[PDB]
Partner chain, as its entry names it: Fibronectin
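Given next, in structure tokens, is a single chain: the form deposited without its partner chain.
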């Protein structure tokens, strides 16, 4: 038993050794018996069961309201996360596991804020959306019943470089030189507060007009920040989906670009939209950085959609990768297809669920195992994708503590990205045992006082040592042979200490503390990897570098986060391997690359799909016999009778059935990410 060899000194020290250690506070315990070891072995010494101090960690569910089935109802009833609050109690170095459920409730309210670029290039676009309010309402009516629409516009900071300032007529009509009239330049103007009277959208849009700026890049991000943080002005509903449609056809200014204009004050992320609906700090505050934009988007639960023209889709595709939770769509030069763009983007947003952690204590660590559709379990992954509206997914979370912290109560939140609903975890630590409540300092129970009696042996103060503190510091008589050596022939305290009255006292230490009845244990001599010693993601006790819950290995040099193993298509290691320490290890021949995606010699792509079409056409196949084929048939299936050869990348493939007939089918995928295949109705 590890507990006997390291603790035994006191109740608190015993329980901190390991989760399974137990302490006996019964004074009737036989003299010389081990006072600290696992309960089942301890009880054999007839220690009073009521006097045993063996706390056990637990997770208790406080608020658990069932997941809702429909978004149409009351604000306080809709529930997409369950349980909603959980009480967690942990021992000094123990861990507990709990679960969570997430549902993409159908018919949930939606808020759409249309943030439009109004440079002179978008004059054609402003004409196309003159009836978008009615058309958008009709299309969204089949997805939600509580739609709300708002509008806003931006050009760029109305300052030098960016603005025309000569002739003085150009200030009042930047299009003066083109013999045409356009509005004076503006940074960001809020037009329509999110409202359900969709007719107002048409009225407001019909009154807008474009402006003109000098340089090519625009000031969109500076407007995204204000559309995000000015919640009361914009009118975001907390219990609704927030879509921010950002439309533009040009490059964008970024942080530190404002220095050319004489603007050096960093963006503060506050709301500066005044009573006139104009962003007042436009000319005195720099553009926001991507980090601040991401932080503010996450806090307000806003999904940002980049609806941009093809000449800049690649740029915003790369920007979107640095702002997780955002979508990009190709906008027509006329903005005629923005409605379908919005509708498609909304489907993509609700097809994915990803968890998020807030205010996690530094001493804690979490590991997730996601249970996506069809009971698929992906260890280490905290997100699913490919969902439909109304689907349910579940996760399993395990929390571990890096030793007993000073604070006794702490809390953190687990929340899906873009959701208001969240799980609140209340963490408690019970490092100190109950018997300590009746400590008796300097009592007659302790030799000459000079100590404290608590839960058992007295805690000897200065000038005394040994059981009952009977031996003074000045005695150290050598007549004792009280087992003060790991094994005869080796020094009494392994040269790390000196034996006094039979108990070793460890001498100076380099950069830690020494422990053990032979001073054989310490917390600073652990193993090393490429000269780093313990990796720092874990404990270092008795020479062992012990890692957190999300780190592993004798050296704690191995991660468990799976982001680096995520393929571009969105499934783990391209389905050809497992992540290990953040590096996919391929399990099928020929697969190589960072995510096992480079396989050149893998069989013909249609070969894999033939096994799926077997599942989706006929009652045969091992996967079908397993009933697991629905897991592997992620692709869309459509039946035909003549192969649709009208495709540039459609793979026409065939195979010989177990029956005499021949099977015909095709496959392809497009930029939208959808993967589809056609199957002939009847085999030939």
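Positions refer to the first chain, counted from 1.
FYI, the form solved in complex with its partner chain isn't displayed, but the following is about it.
Stretch 208-216 is the contacting one of 390-398, 226-234, 208-216, 274-282, since its residues have non-hydrogen atoms within 4.5 Å of its partner chain in the deposited bound form. Among heavy atoms of residue 123, some come within 4.5 Å of its partner chain in the deposited bound form.
Its partner chain is not drawn, but in the deposited bound form it has a heavy atom within 4.5 Å of residue 180. Contact check for residue 186: every heavy atom lies farther than 4.5 Å from its partner chain in the deposited bound form. Using a 4.5 angstroms threshold between heavy atoms, residue 249 counts as touching its partner chain in the deposited bound form. Interface residue among 119, 303, 80, 452 relative to its partner chain in the deposited bound form, by the heavy atom within 4.5 Å criterion: 119. Contacts between 155-172 and its partner chain, taken as any heavy atom within 4.5 Å in the deposited bound form, involve only 164.
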